[PDB]
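The form deposited in one PDB entry is given below as one chain in structure tokens.
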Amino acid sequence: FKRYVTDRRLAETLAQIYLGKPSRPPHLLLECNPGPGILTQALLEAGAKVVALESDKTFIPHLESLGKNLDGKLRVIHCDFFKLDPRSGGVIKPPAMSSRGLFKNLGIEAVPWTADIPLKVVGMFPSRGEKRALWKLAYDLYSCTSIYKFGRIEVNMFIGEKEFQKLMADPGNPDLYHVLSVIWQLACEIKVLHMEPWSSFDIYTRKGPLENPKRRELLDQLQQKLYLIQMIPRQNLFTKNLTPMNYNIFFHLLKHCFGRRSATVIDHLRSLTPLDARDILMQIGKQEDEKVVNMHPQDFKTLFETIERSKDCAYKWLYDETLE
């Protein structure tokens, strides 16, 4: 249940859109799964360097076959991108690695937040569990761990239409508006680069490159369309009130509000905080009859910062680590 790029024209246009003309060509580009090949040859012919990250060891000879030049432009390494810094305890098998060791071997170092981008990542999201991957990336972003410990990395992966529509949603199309949309729209800047049908991509399974031709008929029976997303983290995200030590309370507030959607903000604030909800909602400049659905994400951030900035009371929250 994996997929790659095996054509030449599509590889060519992806290679041209991956690197812009003003951008530095020696900027390190990390490909999260080169697969059998084809795409990496196009990236090499584009002019930029590559760091290859392949989950399956089976492809490691062919990927080593290219790059016979001693320039170090190819630099194939065996690991998996989404299993980086596993939180669960256990022996780190060769698919799993630590970000520290990998970025020590690559030779890349730390750059502060208010500075230019260190790297660029091209890749693709898993077929199942896109929500889990996005949640793990959000946890790594809000609290600077795993990849995001050094600087401000982009991702240029692919996403499905359902998860794309559940993200980027707002008041106006109110039905799909949920917590993950809010955290991602605050977290970074989102743009759309390219869209393609799923038939153009190859299909792959554990036994071999997927030989079922009626599986193409299943691809048309699903009629899924894939989107390319650029996610560049925002410079002013980590406000004095919203810090890596305070992100769990914000997540709890968002999950509490988007649970019981039809209620008002005051009703949820009665459970969340001991302070007066009318004071808070008049302070941010909004009304009591407002529902949580028609509230923009920046007002969610402003509400959290308005609660957090008050220093008159000793207790402002009813979230302890017990609730975890």
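Superpose the two forms; the largest set of C-alphas matching within 1.5 Å is the rigid core. Numbering starts at 1 and follows the sequence shown.
Below, we refer to the form deposited in another entry, which is not included among the displayed structures.
Superposed on the rigid core, the two forms differ between this form and the one not shown by 2 Å or more at the C-alpha of one listed residue only; from 126, 101, 112, 90 that residue is 90. After superposition on the rigid core, the Cα atom of residue 26 is displaced by 2 Å or more between this form and the one not shown.
By 3 Å or more, the C-alpha separation between residue 21 and residue 159 shrinks in that other deposited form relative to the form shown here. Relative to this conformation, an increase of 3 Å or more in the Cα-Cα distance between residue 23 and residue 123 is found in that other deposited form.
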